[PDB]
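Below is one structure, written out as structure tokens; comments come after it.
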Amino acid sequence: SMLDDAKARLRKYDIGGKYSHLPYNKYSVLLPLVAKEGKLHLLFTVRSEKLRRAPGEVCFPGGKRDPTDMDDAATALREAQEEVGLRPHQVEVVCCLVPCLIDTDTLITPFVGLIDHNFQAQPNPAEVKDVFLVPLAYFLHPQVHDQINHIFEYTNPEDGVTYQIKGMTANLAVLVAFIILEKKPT
Ligand SMILES: O=C(Cc1ccc(F)cc1F)Nc1cccnc1
Ligand SMILES: O=C(Cc1ccc(F)cc1F)Nc1cccnc1
């Protein structure tokens, strides 16, 4: 099946807890996969304009590890719940992808999660201005704009709204699309 095939592909790239004890400032993100209309999608947030870091930017749910978290996956799930109302029973964490090093002292660990089909996002407006889906296949043929760094522009056909996706968030989206969609019979 589509979902069994996606999880099987993802597991091959799982680094697990290999880098998780290193003494960094630690953040986790959840890359949330949603199956709709017979295709996989990624769920993104638009950060509230109120926030200190990166107001109004597109990013995956996530945040800084805190002492309550049993592990890095728990960080991702806790933050996703706070930001978009995703409950732990509504997500199956499939793997941990390559972590992202930033600022010399920070490690961001991405987890891919399969999201229940009955989840409906409840954006927490103190943190999130918007939540939207992009089909995973978009990231194989994105609409690229150079600002010199590459920015993806995605227009939602349901409403005509255009979102800009860039940086780590864009990079991770492409990685997940490659992992799941490469080398597939039609
Ligand atoms: O903050 C994140 C994830 C993240 C992205 C880059 C980063 F460097 C660290 C991180 F935790 N996600 C979020 C937070 C608040 C509202 N909507 C999304
Ligand atoms: O789908 C959306 C936003 C949206 C809803 C209708 C629409 F017409 C356009 C849109 F961008 N959000 C979401 C939330 C939870 C799970 N899966 C998708």
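Please read every residue number as a count from 1 along the shown chain.
The header says X-ray crystallography, 1.6 Å.
In case you wondered, yes, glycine gets a Cβ from its N, Cα and C as well.
Summarising the annotation, Swiss-Prot assigns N6-succinyllysine to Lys7. What Swiss-Prot lists as site 'Important for coenzyme A binding' is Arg53, and the listing cites similarity to another entry. Positions annotated as motif 'Nudix box' by Swiss-Prot: 64-85. What Swiss-Prot records for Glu79, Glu83 is Mg(2+) binding site, and it gives similarity to another entry as the kind of evidence.
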For this session: List the recorded positions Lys7, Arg53, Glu83 whose Cβ sits under 6 Å from any atom of ligand 1, in sequence order.
Result: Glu83
For this session: Rounded to a whole angstrom, give the Cα distance between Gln147 and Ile148, which sit at either end of 10 unmodelled residues.
Result: 5
Exercise. Looking at Cβ-Cβ distances, which residues of the chain lie under 8 angstroms from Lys7 (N6-succinyllysine) while being 6 or more apart from it?
Worked result: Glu92, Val94, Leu114
Exercise. Cα of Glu79 (Mg(2+) binding site) to Cα of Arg53 (site 'Important for coenzyme A binding'): how many Å, rounded?
Worked result: 16
Problem set entry | For the motif 'Nudix box' (64-85), the number of residues DSSP places in helix, strand and coil | 13 helix, 1 strand, 8 coil
For this session: May I ask which residues of the same chain, at least 6 positions away in sequence, place their Cβ under 8 angstroms from the Cβ of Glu83 (Mg(2+) binding site)?
Result: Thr45, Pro61, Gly63, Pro123, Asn124, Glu127, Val128
